[PDB]
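Chemist:
Numbering (the authors' numbering), first residue to last: 1 to 124.
This is the structure:
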């Protein structure tokens, strides 16, 4: 079947576009929102393939809506970039989680695709 649906969360408008642009050549459904909140506001029902989150943001902090993302849709495969101040929202990974840390560098399809397989790999 191939194809996938990655709903990642960036920081502000014009950021979700940039990605989806490099994600168009691949031909995937890389939906990106501005805030981790609004993100689960659209997935309120349940993520499609895998959720993701960057480590950038305005000022200090680093997306405090991470623990939110999970609280909504089940713990389906996800992926949070490295980050320097996210370690807090990440700590909730080893504790019954389904996503590790993504370091650099990584291509757009290299990332998206990679997940596409995970999502349908360990289902035992």
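All residues carry an ideal CB built from backbone N, CA and C; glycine is no exception.
To the nearest whole angstrom, what separates the beta carbons of residue 9 and residue 35, a pair I think is in contact under 8 Å?
Modeler: Residue 9 sits at position 9 when you count from the first residue of the chain shown. Residue 35 sits at position 35 when you count from the first residue of the chain shown. Right, the Cβ-Cβ distance comes to about 7 Å (below 8 Å), so this counts as a contact.
Chemist: If you drop the 5 nearest sequence neighbours on each side, which residues of the same chain put their C-beta closer than 7 Å to that of residue 44?
Modeler: Here residue 44 refers to the residue found at position 44 of the chain shown. 72, listed in sequence order.
Chemist: Can you give me the C-alpha to C-alpha distance between residue 91 and residue 100, rounded to a whole angstrom?
Modeler: Sequence index remark: in the chain shown, residue 91 carries index 91 (1-based). Sequence index remark: in the chain shown, residue 100 carries index 100 (1-based). It is roughly 10 Å from the alpha-carbon of residue 91 to the alpha-carbon of residue 100.
Chemist: Assuming residue 29 and residue 48 form a contact by the criterion Cβ under 8 Å, report the distance between their Cβ atoms to the nearest whole angstrom.
Modeler: Position 29 of the chain shown holds residue 29. Position 48 of the chain shown holds residue 48. Between residue 29 and residue 48 a beta carbon distance of about 7 Å is seen, short of the 8 Å cut, so the two are scored as contacting.
Chemist: Measure the alpha-carbon distance for residue 12 versus residue 54 and round it to whole angstroms.
Modeler: Translated into the one-based positions of the chain shown, residue 12 becomes position 12. Translated into the one-based positions of the chain shown, residue 54 becomes position 54. Cα to Cα, residue 12 sits roughly 11 Å from residue 54.
Chemist: Give me the residue from 80, 85, 94 with the minimum Cα distance to residue 102.
Modeler: Position 102 of the chain shown holds residue 102. Nearest C-alpha to residue 102: 80.
Chemist: Nearest to residue 1 by CA position, among 82, 123, 117, is which residue?
Modeler: Within the chain shown, residue 1 is the residue found at index 1, counting from 1. If we check each option's Cα against that of residue 1, 117 comes out closest.
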